[PDB]
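Dropping coords-v3.cif in here (mmCIF, C-alpha atoms and all ligand atoms):
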```cif
data_work
#
loop_
_atom_site.label_atom_id
_atom_site.label_comp_id
_atom_site.auth_asym_id
_atom_site.auth_seq_id
_atom_site.Cartn_x
_atom_site.Cartn_y
_atom_site.Cartn_z
CA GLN H 1 121.54 75.42 98.09
CA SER H 2 124.03 75.62 95.18
CA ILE H 3 124.89 77.81 92.20
CA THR H 4 122.68 75.90 89.75
CA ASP H 5 119.62 75.63 92.06
CA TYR H 6 117.69 78.60 90.74
CA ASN H 7 118.23 77.82 87.01
CA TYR H 8 117.60 75.30 84.31
CA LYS H 9 120.27 75.55 81.66
CA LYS H 10 120.06 72.30 79.67
CA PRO H 11 119.62 73.04 75.90
CA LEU H 12 116.33 72.25 74.31
CA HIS H 13 117.15 69.76 71.58
CA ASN H 14 113.64 69.95 70.17
CA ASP H 15 112.03 72.29 67.65
CA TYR H 16 110.75 75.33 69.52
CA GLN H 17 108.66 78.41 68.76
CA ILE H 18 108.93 81.72 70.61
CA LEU H 19 105.51 83.23 71.52
CA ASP H 20 104.32 86.71 72.39
CA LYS H 21 101.60 86.44 75.02
CA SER H 22 102.42 89.73 76.78
CA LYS H 23 98.94 91.20 76.29
CA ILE H 24 97.29 88.17 77.98
CA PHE H 25 99.79 88.45 80.90
CA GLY H 26 99.07 92.17 81.18
CA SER H 27 100.60 93.53 84.37
CA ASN H 28 101.57 90.09 85.64
CA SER H 29 105.07 88.80 85.02
CA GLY H 30 105.99 85.23 84.15
CA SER H 31 106.15 82.63 81.38
CA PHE H 32 104.14 80.05 79.47
CA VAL H 33 105.40 76.77 78.06
CA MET H 34 103.51 74.20 75.90
CA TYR H 35 104.60 70.92 74.30
CA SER H 36 102.68 69.19 71.50
CA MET H 37 103.02 65.36 71.29
CA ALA H 38 102.27 65.25 67.55
CA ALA H 39 104.64 68.07 66.64
CA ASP H 40 107.33 67.01 69.19
CA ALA H 41 107.75 70.78 69.63
CA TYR H 42 107.77 73.44 72.36
CA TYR H 43 106.02 76.85 72.31
CA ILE H 44 107.48 79.26 74.86
CA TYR H 45 106.56 82.78 75.98
CA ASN H 46 109.40 84.46 77.95
CA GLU H 47 112.12 81.84 77.53
CA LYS H 48 114.65 83.26 80.00
CA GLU H 49 111.97 83.57 82.68
CA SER H 50 110.77 79.97 81.89
CA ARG H 51 114.17 78.65 82.98
CA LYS H 52 114.14 80.29 86.45
CA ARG H 53 113.38 77.77 89.16
CA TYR H 54 110.68 78.36 91.72
CA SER H 55 109.03 76.39 94.51
CA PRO H 56 106.38 74.17 92.92
CA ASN H 57 103.98 74.56 95.93
CA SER H 58 100.72 72.59 95.27
CA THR H 59 101.74 71.49 91.77
CA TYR H 60 104.06 68.99 93.53
CA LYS H 61 100.94 67.22 94.75
CA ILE H 62 100.85 65.62 91.24
CA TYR H 63 104.08 63.83 92.23
CA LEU H 64 103.07 63.14 95.83
CA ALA H 65 99.90 61.50 94.37
CA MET H 66 101.98 59.45 91.94
CA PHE H 67 104.36 58.43 94.73
CA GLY H 68 101.51 57.49 97.11
CA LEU H 69 100.00 55.41 94.31
CA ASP H 70 103.37 53.82 93.46
CA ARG H 71 104.05 52.87 97.07
CA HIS H 72 100.44 51.69 97.67
CA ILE H 73 99.83 54.34 100.36
CA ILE H 74 96.59 54.91 98.39
CA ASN H 75 94.99 52.78 95.62
CA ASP H 76 92.14 52.27 93.13
CA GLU H 77 89.60 50.75 95.60
CA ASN H 78 90.49 53.09 98.50
CA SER H 79 92.23 56.46 98.50
CA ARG H 80 90.28 57.61 101.58
CA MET H 81 91.86 59.39 104.57
CA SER H 82 89.97 60.51 107.65
CA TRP H 83 90.21 64.10 108.92
CA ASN H 84 92.23 64.39 112.20
CA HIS H 85 89.65 66.86 113.62
CA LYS H 86 91.95 69.87 113.36
CA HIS H 87 90.00 72.94 112.24
CA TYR H 88 91.16 74.62 108.99
CA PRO H 89 89.87 77.96 107.67
CA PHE H 90 88.28 76.21 104.61
CA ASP H 91 85.45 73.73 105.29
CA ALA H 92 86.45 71.60 102.24
CA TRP H 93 89.50 70.57 104.30
CA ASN H 94 87.50 69.84 107.48
CA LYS H 95 86.24 66.40 106.33
CA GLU H 96 87.24 62.95 105.03
CA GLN H 97 89.01 63.10 101.65
CA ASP H 98 89.85 60.88 98.74
CA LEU H 99 92.46 61.54 96.02
CA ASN H 100 89.87 63.34 93.90
CA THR H 101 88.50 65.72 96.60
CA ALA H 102 91.99 66.40 97.97
CA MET H 103 93.43 67.25 94.60
CA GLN H 104 90.42 69.38 93.58
CA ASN H 105 90.37 71.33 96.79
CA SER H 106 94.20 71.28 97.28
CA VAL H 107 93.96 69.85 100.79
CA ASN H 108 97.48 70.12 102.23
CA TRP H 109 97.09 67.68 105.10
CA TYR H 110 96.19 64.78 102.82
CA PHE H 111 99.39 65.12 100.76
CA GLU H 112 101.45 65.93 103.89
CA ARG H 113 100.26 62.62 105.36
CA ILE H 114 101.38 60.88 102.13
CA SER H 115 104.79 62.60 102.14
CA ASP H 116 105.46 61.66 105.78
CA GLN H 117 105.16 57.98 104.88
CA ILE H 118 107.67 58.23 102.03
CA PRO H 119 111.35 57.58 102.89
CA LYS H 120 113.79 60.24 101.80
CA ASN H 121 115.85 57.91 99.58
CA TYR H 122 112.79 56.96 97.50
CA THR H 123 112.05 60.61 96.87
CA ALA H 124 115.70 61.30 96.00
CA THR H 125 115.69 58.30 93.55
CA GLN H 126 112.45 59.53 92.01
CA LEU H 127 113.51 63.16 91.65
CA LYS H 128 116.72 61.97 89.96
CA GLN H 129 114.93 59.63 87.47
CA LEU H 130 112.29 62.27 86.73
CA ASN H 131 114.88 65.15 86.52
CA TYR H 132 112.68 67.17 88.81
CA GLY H 133 114.17 70.68 88.97
CA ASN H 134 116.99 71.21 91.43
CA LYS H 135 116.12 67.89 93.15
CA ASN H 136 116.91 69.61 96.47
CA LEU H 137 115.07 68.03 99.36
CA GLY H 138 116.69 70.24 102.09
CA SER H 139 115.16 69.43 105.52
CA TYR H 140 112.73 66.91 103.93
CA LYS H 141 109.66 68.39 105.62
CA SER H 142 107.25 70.49 103.65
CA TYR H 143 110.14 70.76 101.14
CA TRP H 144 107.84 71.62 98.24
CA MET H 145 106.30 74.65 99.98
CA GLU H 146 108.42 77.82 99.57
CA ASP H 147 111.45 75.78 100.58
CA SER H 148 114.52 74.04 99.04
CA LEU H 149 112.84 72.21 96.16
CA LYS H 150 112.61 74.35 93.06
CA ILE H 151 111.64 73.69 89.42
CA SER H 152 111.37 75.86 86.29
CA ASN H 153 108.27 76.50 84.16
CA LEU H 154 110.05 74.82 81.21
CA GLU H 155 110.86 71.79 83.44
CA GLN H 156 107.28 71.49 84.73
CA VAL H 157 106.30 70.59 81.11
CA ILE H 158 109.25 68.30 80.28
CA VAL H 159 109.09 66.40 83.58
CA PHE H 160 105.28 65.84 83.59
CA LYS H 161 105.30 64.82 79.87
CA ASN H 162 108.12 62.34 80.45
CA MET H 163 106.54 60.88 83.55
CA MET H 164 103.18 60.31 81.87
CA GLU H 165 104.38 59.42 78.33
CA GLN H 166 107.34 57.11 78.89
CA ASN H 167 106.96 53.41 79.70
CA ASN H 168 108.62 53.77 83.07
CA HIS H 169 108.24 52.12 86.45
CA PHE H 170 104.98 53.99 87.24
CA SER H 171 102.04 51.74 86.34
CA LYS H 172 99.34 52.57 83.81
CA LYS H 173 96.62 52.24 86.47
CA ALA H 174 98.43 54.81 88.72
CA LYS H 175 98.79 57.25 85.82
CA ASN H 176 95.06 56.89 85.05
CA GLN H 177 94.08 57.37 88.72
CA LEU H 178 96.21 60.54 88.88
CA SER H 179 94.63 61.77 85.59
CA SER H 180 91.13 61.21 86.91
CA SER H 181 92.07 63.39 89.92
CA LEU H 182 93.38 66.16 87.63
CA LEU H 183 90.45 66.43 85.20
CA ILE H 184 88.94 69.88 85.21
CA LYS H 185 86.94 70.11 82.02
CA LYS H 186 85.66 67.69 79.36
CA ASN H 187 83.48 68.45 76.37
CA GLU H 188 83.11 67.26 72.69
CA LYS H 189 86.38 69.05 71.75
CA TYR H 190 88.81 68.58 74.63
CA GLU H 191 89.65 67.18 78.03
CA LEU H 192 91.62 69.58 80.26
CA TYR H 193 93.62 68.38 83.25
CA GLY H 194 95.73 70.37 85.62
CA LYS H 195 96.70 71.69 89.04
CA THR H 196 97.14 75.14 90.51
CA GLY H 197 99.84 76.21 92.93
CA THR H 198 100.10 79.39 94.97
CA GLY H 199 102.91 80.46 97.26
CA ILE H 200 102.13 83.02 99.93
CA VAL H 201 104.96 84.91 101.66
CA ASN H 202 104.17 87.39 104.47
CA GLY H 203 100.55 87.72 103.40
CA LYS H 204 101.29 88.35 99.70
CA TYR H 205 101.00 86.05 96.68
CA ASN H 206 104.60 85.29 95.70
CA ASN H 207 104.38 82.50 93.17
CA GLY H 208 101.49 81.22 90.95
CA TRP H 209 101.33 78.08 88.81
CA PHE H 210 98.99 76.11 86.65
CA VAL H 211 100.48 72.93 85.19
CA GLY H 212 98.55 70.40 83.11
CA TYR H 213 97.62 68.84 79.82
CA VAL H 214 94.92 68.89 77.16
CA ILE H 215 93.73 65.94 75.14
CA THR H 216 91.87 66.76 71.91
CA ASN H 217 90.78 64.51 69.04
CA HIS H 218 93.99 65.40 67.20
CA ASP H 219 96.82 65.82 69.71
CA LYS H 220 97.85 65.96 73.37
CA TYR H 221 99.45 69.03 74.80
CA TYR H 222 101.27 69.48 78.14
CA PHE H 223 101.54 73.04 79.35
CA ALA H 224 102.55 75.26 82.29
CA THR H 225 102.07 78.92 83.21
CA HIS H 226 104.20 80.47 85.97
CA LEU H 227 103.51 83.85 87.52
CA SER H 228 106.32 85.52 89.49
CA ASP H 229 104.95 89.09 89.88
CA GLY H 230 101.84 91.26 89.54
CA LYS H 231 99.10 89.24 91.09
CA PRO H 232 100.92 85.92 90.98
CA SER H 233 98.21 83.46 92.12
CA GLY H 234 97.33 79.92 91.00
CA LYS H 235 93.84 81.15 90.02
CA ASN H 236 95.39 83.86 87.83
CA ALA H 237 97.86 81.40 86.28
CA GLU H 238 94.86 79.16 85.46
CA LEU H 239 92.94 82.02 83.76
CA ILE H 240 95.94 83.17 81.74
CA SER H 241 96.54 79.52 80.72
CA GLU H 242 92.94 79.15 79.49
CA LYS H 243 93.13 82.36 77.47
CA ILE H 244 96.44 81.33 75.85
CA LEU H 245 95.29 77.77 75.07
CA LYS H 246 92.10 79.13 73.48
CA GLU H 247 94.04 81.63 71.31
CA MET H 248 96.34 78.86 70.17
CA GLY H 249 93.50 76.61 68.96
CA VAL H 250 94.04 73.98 71.63
CA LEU H 251 90.49 74.31 73.11
CA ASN H 252 88.41 73.47 69.94
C1 LIG S 301 99.32 75.12 97.04
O1 LIG S 301 99.77 75.83 96.17
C2 LIG S 301 98.82 75.76 98.33
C3 LIG S 301 99.94 75.65 99.37
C4 LIG S 301 99.46 75.78 100.80
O2 LIG S 301 100.91 74.62 99.22
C5 LIG S 301 97.36 75.36 98.67
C6 LIG S 301 96.29 76.44 98.92
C7 LIG S 301 95.52 76.40 97.61
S1 LIG S 301 93.92 76.62 97.27
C8 LIG S 301 92.64 75.77 98.14
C9 LIG S 301 91.78 76.75 98.94
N1 LIG S 301 90.71 76.10 99.68
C10 LIG S 301 89.88 75.24 99.07
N2 LIG S 301 88.95 74.68 99.70
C11 LIG S 301 96.29 75.96 96.68
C12 LIG S 301 96.44 76.23 95.21
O3 LIG S 301 96.34 75.22 94.49
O4 LIG S 301 96.67 77.36 94.64
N3 LIG S 301 96.97 75.11 97.31
#
```
When written as structure tokens, how does the structure in this file appear?
Ligand SMILES: *C(=O)[C@H]([C@@H](C)O)[C@H]1CC(SCCNC=N)=C(C(=O)O)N1
Amino acid sequence: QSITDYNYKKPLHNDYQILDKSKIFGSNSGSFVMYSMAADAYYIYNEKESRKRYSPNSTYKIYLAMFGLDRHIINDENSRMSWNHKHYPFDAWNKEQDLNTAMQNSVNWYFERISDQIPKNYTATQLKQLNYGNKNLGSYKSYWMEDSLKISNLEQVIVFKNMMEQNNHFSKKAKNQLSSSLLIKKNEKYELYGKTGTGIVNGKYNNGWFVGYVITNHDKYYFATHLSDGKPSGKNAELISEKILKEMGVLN
């Protein structure tokens, strides 16, 4: 809504390293950001582009999950929600869900039902304390879907790292339940957690994301890929992320 709503301009006070991942991006346009806990350092491809703010789309379901956990809308014994019988074009949505199935299959209605229960002032207080992008709730509806709420690729990393790693008002059991819902891959070398996001405008992919973290035996890394052009899907942002993480030594 304002002059600072499309841009993150706050100086990075940390050590940073500029990357060149242009061959992995190919004909897609966007940015990649990673933070290493042990190094306390950022690694950024396309720094200017990493500070442009975009709708988070389904990546904001990380925060809706944390809010629903925090407000006891869902819990550890029961995160189940029945389907309202409305037919969706993907059968994974046309059934009962829990936090794990809804996160994995990005089931909008589950997180919409969570959001509808959450008072605007709580969200405002949370987005302020978390420093979540432009903090702009607009109409307070599906505000995170190609709407007023926007966040930069650089901020996706800072905000998620700070939420998970600081002793804040979110409980340890909530953070662990959210993590369990985000786990994608675990082997002898790493655990990989994350969440895709895709914005679709007039039939075309507009906006792709993959935001997450990696735990190895040595370090913990938070990362985010944003795609703004080319074939900017969540699936593509996930693939590009995996290729970059592997090149960097994060996945072994
Ligand atoms: C999130 O980015 C979108 C959006 C509607 O907010 C939804 C659609 C999908 S993918 C799930 C497809 N069907 C599965 N059974 C995503 C996405 O994460 O990219 N989320």
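Residue nearest ligand LIG 301 (chain S), chosen from H:234, H:26, H:203, H:56 and counting only C-alpha atoms and all ligand atoms: H:234.
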Using only C-alpha atoms: which of H:250, H:138, H:153, H:216 has the shortest distance to residue 188 in chain H =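 Closest candidate: H:216.
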query = So which residues touch residue 81 in chain H within 12 Å, counting all atoms listed in the file, skipping near sequence neighbours fewer than 2 positions away, as an NGL selection string?
reply = :H and (73-75 or 78-79 or 83-85 or 93-102 or 107 or 109-114)
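Using all atoms listed in the file, the shortest contact distance between residue 197 in chain H and any of H:22, H:28, H:36, H:225 is found at H:225.
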Could you build a table of the residues in chain H lying no more than 6 Å from ligand LIG 301 (chain S), giving for each the nearest pair of atoms and their separation in Å rounded to one decimal place, using only C-alpha atoms and all ligand atoms, ordered by chain and ascending residue number, as a Markdown table?
```
| residue | atom | partner | partner_atom | distance |
| --- | --- | --- | --- | --- |
| H:57 | CA | S:LIG301 | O1 | 4.4 |
| H:58 | CA | S:LIG301 | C1 | 3.4 |
| H:90 | CA | S:LIG301 | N2 | 5.2 |
| H:92 | CA | S:LIG301 | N2 | 4.7 |
| H:105 | CA | S:LIG301 | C10 | 4.6 |
| H:106 | CA | S:LIG301 | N3 | 4.7 |
| H:145 | CA | S:LIG301 | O2 | 5.4 |
| H:196 | CA | S:LIG301 | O3 | 4.1 |
| H:197 | CA | S:LIG301 | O1 | 3.3 |
| H:198 | CA | S:LIG301 | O1 | 3.8 |
| H:199 | CA | S:LIG301 | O1 | 5.7 |
| H:234 | CA | S:LIG301 | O4 | 4.5 |
```
task = Would you work out the distance separating CA of residue 127 in chain H from CA of residue 108 in chain H, expressed in Å to one decimal?
result = 20.4 Å
task = Take the point (94.9, 80.8, 80.0) as written in the file and pick out every residue within 10 Å of it, counting all atoms listed in the file; give the list as a list in words.
result =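 Those residues, ordered by chain and then number, are residues 24, 25, 32, 210, 224, 225, 236, 237, 238, 239, 240, 241, 242, 243, 244, 245, 246 and 247 of chain H.
Distances here use all atoms listed in the file; by that measure, the residue among H:213, H:140, H:221, H:170 closest to residue 184 in chain H is H:213.
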Would you fill the gaps in range 51-70 of chain H so it has N, CA, C and O atoms, then print it as a PDB file, keeping the file's coordinate frame?
```pdb
ATOM      1  N   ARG H  51     113.076  79.446  82.464  1.00  0.00           N
ATOM      2  CA  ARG H  51     114.170  78.650  82.980  1.00  0.00           C
ATOM      3  C   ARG H  51     114.545  79.008  84.446  1.00  0.00           C
ATOM      4  O   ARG H  51     115.372  78.327  85.048  1.00  0.00           O
ATOM      5  N   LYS H  52     113.918  80.036  85.026  1.00  0.00           N
ATOM      6  CA  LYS H  52     114.140  80.290  86.450  1.00  0.00           C
ATOM      7  C   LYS H  52     113.353  79.302  87.274  1.00  0.00           C
ATOM      8  O   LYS H  52     112.180  79.006  86.976  1.00  0.00           O
ATOM      9  N   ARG H  53     114.011  78.775  88.306  1.00  0.00           N
ATOM     10  CA  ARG H  53     113.380  77.770  89.160  1.00  0.00           C
ATOM     11  C   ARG H  53     112.695  78.395  90.355  1.00  0.00           C
ATOM     12  O   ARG H  53     113.248  79.284  91.028  1.00  0.00           O
ATOM     13  N   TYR H  54     111.484  77.905  90.611  1.00  0.00           N
ATOM     14  CA  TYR H  54     110.680  78.360  91.720  1.00  0.00           C
ATOM     15  C   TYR H  54     110.118  77.166  92.463  1.00  0.00           C
ATOM     16  O   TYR H  54     110.024  76.083  91.911  1.00  0.00           O
ATOM     17  N   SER H  55     109.769  77.376  93.735  1.00  0.00           N
ATOM     18  CA  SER H  55     109.030  76.390  94.510  1.00  0.00           C
ATOM     19  C   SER H  55     107.754  75.944  93.742  1.00  0.00           C
ATOM     20  O   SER H  55     107.017  76.768  93.233  1.00  0.00           O
ATOM     21  N   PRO H  56     107.530  74.637  93.645  1.00  0.00           N
ATOM     22  CA  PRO H  56     106.380  74.170  92.920  1.00  0.00           C
ATOM     23  C   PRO H  56     105.064  74.340  93.701  1.00  0.00           C
ATOM     24  O   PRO H  56     104.006  74.329  93.078  1.00  0.00           O
ATOM     25  N   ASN H  57     105.157  74.526  95.034  1.00  0.00           N
ATOM     26  CA  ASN H  57     103.980  74.560  95.930  1.00  0.00           C
ATOM     27  C   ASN H  57     103.030  73.389  95.613  1.00  0.00           C
ATOM     28  O   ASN H  57     103.500  72.258  95.487  1.00  0.00           O
ATOM     29  N   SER H  58     101.743  73.666  95.382  1.00  0.00           N
ATOM     30  CA  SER H  58     100.720  72.590  95.270  1.00  0.00           C
ATOM     31  C   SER H  58     100.803  71.810  93.983  1.00  0.00           C
ATOM     32  O   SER H  58     100.219  70.729  93.896  1.00  0.00           O
ATOM     33  N   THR H  59     101.564  72.292  92.997  1.00  0.00           N
ATOM     34  CA  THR H  59     101.740  71.490  91.770  1.00  0.00           C
ATOM     35  C   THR H  59     102.514  70.209  92.054  1.00  0.00           C
ATOM     36  O   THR H  59     102.322  69.235  91.363  1.00  0.00           O
ATOM     37  N   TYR H  60     103.331  70.191  93.126  1.00  0.00           N
ATOM     38  CA  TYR H  60     104.060  68.990  93.530  1.00  0.00           C
ATOM     39  C   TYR H  60     103.174  67.890  94.073  1.00  0.00           C
ATOM     40  O   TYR H  60     103.573  66.711  94.181  1.00  0.00           O
ATOM     41  N   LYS H  61     101.946  68.236  94.398  1.00  0.00           N
ATOM     42  CA  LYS H  61     100.940  67.220  94.750  1.00  0.00           C
ATOM     43  C   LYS H  61     100.636  66.219  93.621  1.00  0.00           C
ATOM     44  O   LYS H  61     100.205  65.122  93.918  1.00  0.00           O
ATOM     45  N   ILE H  62     100.883  66.582  92.364  1.00  0.00           N
ATOM     46  CA  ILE H  62     100.850  65.620  91.240  1.00  0.00           C
ATOM     47  C   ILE H  62     101.804  64.455  91.512  1.00  0.00           C
ATOM     48  O   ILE H  62     101.440  63.278  91.333  1.00  0.00           O
ATOM     49  N   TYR H  63     103.010  64.795  91.993  1.00  0.00           N
ATOM     50  CA  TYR H  63     104.080  63.830  92.230  1.00  0.00           C
ATOM     51  C   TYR H  63     103.881  63.125  93.537  1.00  0.00           C
ATOM     52  O   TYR H  63     104.092  61.915  93.594  1.00  0.00           O
ATOM     53  N   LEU H  64     103.420  63.839  94.581  1.00  0.00           N
ATOM     54  CA  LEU H  64     103.070  63.140  95.830  1.00  0.00           C
ATOM     55  C   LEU H  64     101.961  62.100  95.617  1.00  0.00           C
ATOM     56  O   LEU H  64     102.054  61.001  96.144  1.00  0.00           O
ATOM     57  N   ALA H  65     100.936  62.466  94.836  1.00  0.00           N
ATOM     58  CA  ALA H  65      99.900  61.500  94.370  1.00  0.00           C
ATOM     59  C   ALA H  65     100.497  60.306  93.639  1.00  0.00           C
ATOM     60  O   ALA H  65     100.168  59.182  93.955  1.00  0.00           O
ATOM     61  N   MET H  66     101.400  60.551  92.693  1.00  0.00           N
ATOM     62  CA  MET H  66     101.980  59.450  91.940  1.00  0.00           C
ATOM     63  C   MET H  66     102.845  58.580  92.841  1.00  0.00           C
ATOM     64  O   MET H  66     102.857  57.362  92.706  1.00  0.00           O
ATOM     65  N   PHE H  67     103.511  59.192  93.819  1.00  0.00           N
ATOM     66  CA  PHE H  67     104.360  58.430  94.730  1.00  0.00           C
ATOM     67  C   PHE H  67     103.502  57.598  95.687  1.00  0.00           C
ATOM     68  O   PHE H  67     103.817  56.438  95.961  1.00  0.00           O
ATOM     69  N   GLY H  68     102.412  58.185  96.182  1.00  0.00           N
ATOM     70  CA  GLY H  68     101.510  57.490  97.110  1.00  0.00           C
ATOM     71  C   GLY H  68     100.822  56.310  96.426  1.00  0.00           C
ATOM     72  O   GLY H  68     100.606  55.268  97.045  1.00  0.00           O
ATOM     73  N   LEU H  69     100.531  56.480  95.139  1.00  0.00           N
ATOM     74  CA  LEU H  69     100.000  55.410  94.310  1.00  0.00           C
ATOM     75  C   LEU H  69     101.028  54.320  94.073  1.00  0.00           C
ATOM     76  O   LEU H  69     100.720  53.128  94.213  1.00  0.00           O
ATOM     77  N   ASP H  70     102.250  54.736  93.746  1.00  0.00           N
ATOM     78  CA  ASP H  70     103.370  53.820  93.460  1.00  0.00           C
ATOM     79  C   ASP H  70     103.760  52.986  94.667  1.00  0.00           C
ATOM     80  O   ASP H  70     104.148  51.825  94.526  1.00  0.00           O
TER      81      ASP H  70
END
```
